[PDB]
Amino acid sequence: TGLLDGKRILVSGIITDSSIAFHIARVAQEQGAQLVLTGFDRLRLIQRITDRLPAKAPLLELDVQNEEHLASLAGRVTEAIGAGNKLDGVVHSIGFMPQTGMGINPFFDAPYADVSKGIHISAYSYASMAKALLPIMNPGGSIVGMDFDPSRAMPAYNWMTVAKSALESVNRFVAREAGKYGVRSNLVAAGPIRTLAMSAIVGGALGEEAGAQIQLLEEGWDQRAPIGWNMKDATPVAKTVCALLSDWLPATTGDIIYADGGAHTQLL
């Protein structure tokens, strides 16, 4: 009697045990979902990481920049879940921007080739994944992507913020197409989560000023959030994604749900 009992849900984006997607997968399994996982490049690592999930799930390779992987994906998923079965949910938890597009590297000095790669992986791939999987999704189904509110500019995040603005726009178009299948498409805009990469950045991996700026941003988030914000805890974010995967938000699509402690609603 979990929130997601009987649902078949694909979860992308696990790379470490600090991945937001790891916690989405854990909570969904706790709530009765049957998962198919996708992973990029380091499949041995990902298998070993996902061995710590509450239940065993098949792992498929998916590089979203690889047209063959995308073209074969629906077939591979159907093989994993069995002929005649379809997916009820899809989680996009994929993002990347080359180091030239973040941190103390000046905003104007990011070459377009690097920005384009970041936008490919972080924004266009949400459309790619919906194209590939909508044909094997059930009516009432749900596609959910991860967002970081890009409505105002911020230090350090630079072109990744631009990629998120593009992702929000992409989501509104995906909703039009997904609606033809009876499927919802939405984003969860999370507050900052202290993943391995975010910890490295705060430690100065992309420069001291950038680290200092991101640290101030994290502190400001908890102070603005009327219920507080714990950047070391992905569970509230994972729960929100599961809410959208469930049957309990059936009239919400093309939209953005903020799992940020309410920080975006307060100026200070």
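Residue positions are given as counts along the sequence shown, with the first one as 1.
Looking at the other PDB entries for this protein, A33 is present in the model in all of those that include the residues around it, rather than absent from a third. For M198, the fraction of other compared entries lacking coordinates, among those that model flanking residues, reaches at least a third.
Stretches 119 to 127 and 78 to 86 differ in mean C-alpha B factor, with the higher average recorded for 78 to 86.
When 256 to 264 is weighed against 14 to 22, 14 to 22 comes out higher, by mean CA B-factor as recorded in the entry. When the Cα B-factors of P150, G179, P106, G95 are read from the PDB record, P106 comes out highest. Among all modelled residues in this chain, the alpha-carbon of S72 has a temperature factor (C-alpha) in the highest third.
Residue-level temperature factors show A190 in the lowest third of its chain, judged at the C-alpha atom. Among the modelled residues of its chain, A225 has a C-alpha B-factor that falls in the lowest third, as given in the PDB entry. Ranked by C-alpha B-factor against the other modelled residues of its chain, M102 falls in the highest third. Among all modelled residues in this chain, the alpha-carbon of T240 has a temperature factor (C-alpha) in the lowest third.
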